[PDB]
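A.B. asks: quick one: experimental structure and sequence below.
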There are 2 protein chains.
Amino acid sequence: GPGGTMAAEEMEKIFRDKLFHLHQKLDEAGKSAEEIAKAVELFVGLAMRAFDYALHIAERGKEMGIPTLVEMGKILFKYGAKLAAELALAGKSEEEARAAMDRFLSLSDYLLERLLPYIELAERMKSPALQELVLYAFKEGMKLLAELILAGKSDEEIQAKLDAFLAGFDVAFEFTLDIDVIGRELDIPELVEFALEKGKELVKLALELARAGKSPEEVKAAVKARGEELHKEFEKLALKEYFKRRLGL
Amino acid sequence: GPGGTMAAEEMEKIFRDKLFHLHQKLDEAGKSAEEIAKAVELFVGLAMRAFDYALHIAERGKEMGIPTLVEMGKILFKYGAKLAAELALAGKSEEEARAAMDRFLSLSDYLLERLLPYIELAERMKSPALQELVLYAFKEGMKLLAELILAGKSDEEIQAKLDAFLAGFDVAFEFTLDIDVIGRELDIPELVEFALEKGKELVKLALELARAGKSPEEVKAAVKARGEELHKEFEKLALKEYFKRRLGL
Ligand SMILES: [Zn+2]
Ligand SMILES: [Zn+2]
Ligand SMILES: [Zn+2]
């Protein structure tokens, strides 16, 4: 509506879209009118709490000097609205839905606290690629957290999976930072693009490993091996680009 | 009647309506002319005492700065006239009916004295919702008292039911006031309407518990639990309305 925050308008658009598509899905599923009304009110109730939490996070990011936290808040609201829509569609009771939303918010806070130092490190070196990698990691962690909360998992298994995912993300971040520093210093955008793409690949691999239930050590080892292979590919690409630049090509 | 106070005209209208419908009921019942005459004279005799007592209460309220007492006197007269009509219809003699009317008046005074501090507290904070809540509680107490007097109950059980009802009304009043203060301060009429409706619901629940014979502690516990549920509902509604206002909707 009129007179709002730049971050709040996007969240309002997301909420309206999710409500419209939830009504569409309820109509497709063929439910009674009272069931549809119950699902709609439950979804609105949960989405308001998710909206409040995400708006608080975005405002906290705005008050500091961290523009990344605004995007993290928007991502958090998007996936909280998705979780609320699925909870309403599944026909869960009000108390169970509220408890699930509370657990989701708490574990998202956990992931945010674990990811903040990486945001500080990325913003210290003024690396857009590192900030993009952190945002991608937060998005993947939000996906995994929402799926696990939907599946009905305890707060310990989810925390262990998040720990394994962060163990993989540490290696992915180190790989991306290494490549990106030399890509920026030598003034070769192809190296930066390679860094971002292969860091995203490493983050995807780490998330897939964490979902399978591996310990953080196994995730670290496998992400390290994949990073070594991608580092060999980077060596080839860097040699090619440097010789393109040196010869005037 | 040409001339008289504002509160007296409404009471006269109530008396005429009750007399007319009592005559209709007597005609429908198929009673002798002498029985109809004795019922009419008994009803008039009891209604005159009820009218005098309620008018005295109304003038007492009018002398001070308490407009609520005028409405409470009108309610007292209405229910006293109803009780007189039932006594006349039941064929009770001139002595048992008079004793029942006297007991009803004494217990109405008891309820009035117990409800006066809540009237003072409501008028101190200038809250129309709390005034309506006190009026509704007085009406429910009048209903219960008239029913118990007609059923032929001693002054001990009636009094115990009265304190049980007042124990429930204390929690109802606290809940309504807690919601109403924040609803008025934030300027959201929906919150005040919700407060009034849920306070009325809590008063109804307290009256139902008192009628069944539950002790005041059980009534207090049940009303407190229902208040917790309605408080969760209020939290949801307040969040929704606050986000409607903040986004310009
Ligand atoms: Zn808030
Ligand atoms: Zn290197
Ligand atoms: Zn409250």
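C.D. replies: Structure received. Numbers count the residues shown, from 1 in each chain, chains lettered A, B, ... in the order given. Ligands and ions are numbered 1, 2, ... in the order given.
A.B. asks: for the residue in chain A positioned nearest to chain B, list the residues it contacts.
C.D. replies: Among the residues of chain A, residue A:1 lies closest to chain B, at 3.6 Å counting by CB to the nearest CB. To be clear about C-beta, it is placed using only N, CA and C from the backbone, and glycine gets the same treatment. By CB atoms under 8 Å, 6 or more residues apart in numbering or on different chains, the contact set of residue A:1 is A:12, B:247, B:248, B:249.
A.B. asks: residue A:15 versus the residue nearest to the last one when sequence neighbours are not counted, what's the distance?
C.D. replies: Right, the one you point to is residue B:249. Distance criterion CB to CB, 6 or more residues apart in numbering or on different chains; nearest residue to residue B:249, sequence neighbours excluded, is residue A:1 at 4.3 Å. From residue A:1 across to residue A:15, the span is 12 Å (CB to CB, to the nearest Å).
A.B. asks: ok, residue A:68 - contacts?
C.D. replies: Taking CB under 8 Å, 6+ apart as the test, what residue A:68 contacts is A:61, A:119, A:122, A:123, A:131, A:134, A:135.
A.B. asks: need the buried ones from the contacts of residue A:1 selected in ChimeraX.
C.D. replies: Burial among the contacts of residue A:1 is assessed by 16 or more other CB atoms under 10 Å in any protein chain shown; the matching ChimeraX selection reads:
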select /A:12 /B:247
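A.B. asks: and the contacts of residue A:1, which two are the farthest apart?
C.D. replies: Between any two of these, the greatest separation by CB to CB is 9.6 Å, found for A:12 and B:248.
A.B. asks: common neighbours of the two, please.
C.D. replies: In contact with both residue A:12 and residue B:248: A:1, A:4, using CB under 8 Å, 6+ apart.
A.B. asks: give me the number of residues near the residue nearest to residue A:173 when sequence neighbours are not counted?
C.D. replies: Of all residues not flanking residue A:173 in the chain, residue A:118 sits nearest, at 5.9 Å (CB to CB, 6+ apart). Residue A:118 has 21 neighbours, counted by other CB atoms under 10 Å in any protein chain shown.
A.B. asks: what strand or helix carries residue A:118?
C.D. replies: Element membership for residue A:118, per DSSP states H and E: helix A:94-124.
A.B. asks: show me what that helix is packed against.
C.D. replies: Helices and strands touching helix A:94-124, by 3 or more CB pairs under 8 Å, 6 or more residues apart in numbering or on different chains; DSSP states H and E, are helix A:33-63, helix A:68-89, helix A:128-151, helix A:155-185.
A.B. asks: any buried residues in it, and which?
C.D. replies: Those buried within helix A:94-124 under the rule 16+ other CB under 10 Å are A:94, A:97-98, A:100-101, A:103-105, A:107-108, A:110-112, A:115, A:118-119, A:122-123.
A.B. asks: quick one: the residue most central in space within chain A from residue A:111, how far?
C.D. replies: The residue lying closest to the centre of chain A (CA atoms, centre = their mean) is residue A:139, at 1.2 Å. For residue A:139, the distance to residue A:111 equals 11 Å [CB to CB].
A.B. asks: same deal with residue A:146?
C.D. replies: 11 Å.
A.B. asks: wait, what's in contact with residue A:174?
C.D. replies: Taking CB under 8 Å, 6+ apart as the definition, residue A:174 has no contacts.
A.B. asks: one more pass at 10 Å, please.
C.D. replies: Residue A:174 makes contacts with A:199, A:202, A:223, A:224, A:227, as judged by CB atoms under 10 Å, 6 or more residues apart in numbering or on different chains.
A.B. asks: show me what the strand or helix carrying the second one is packed against.
C.D. replies: In this case it means residue A:202. Per DSSP H and E: residue A:202 is located in helix A:189-211. Applying 3 or more CB pairs under 10 Å, 6 or more residues apart in numbering or on different chains; DSSP states H and E, we find helix A:189-211 packed against helix A:128-151, helix A:155-185, helix A:216-246.
A.B. asks: now the first one and helix A:68-89, what's the angle there?
C.D. replies: If I follow you right, that is helix A:128-151. 20 degrees (axes from the mean of the first three to the mean of the last three CA atoms, to 10 degrees).
A.B. asks: how far off helix A:189-211 does helix A:128-151 point, in degrees?
C.D. replies: Using the same axes, to 10 degrees: helix A:128-151 against helix A:189-211 is 20 degrees.
A.B. asks: could you report the distance from residue A:226 to residue A:172?
C.D. replies: Distance of residue A:226 to residue A:172, computed by CB to CB: 9 Å.
A.B. asks: show me whatever sits in contact with both of these two.
C.D. replies: The contact sets of residue A:226 and residue A:172 overlap at A:198, A:201, A:202, A:205, A:206 (CB under 10 Å, 6+ apart).
A.B. asks: wait, the third one sits on residue A:220?
C.D. replies: I take that to be residue A:202. No: counting by CB atoms under 10 Å, residue A:202 sits too far from residue A:220 to count as a contact (11.3 Å).
A.B. asks: more neighbours: the two, which one.
C.D. replies: When residue A:202 and residue A:220 are compared for neighbours, residue A:202 comes out ahead with 26 against 18, by other CB under 10 Å.
A.B. asks: apart from its chain neighbours, what residue comes closest to residue A:101?
C.D. replies: Closest to residue A:101 by CB to CB, 6+ apart is residue A:46, at 5.0 Å.
A.B. asks: that neighbour: neighbour count?
C.D. replies: 25.
A.B. asks: for residue A:163, same thing?
C.D. replies: 15.
A.B. asks: I appreciate the help and will end here.
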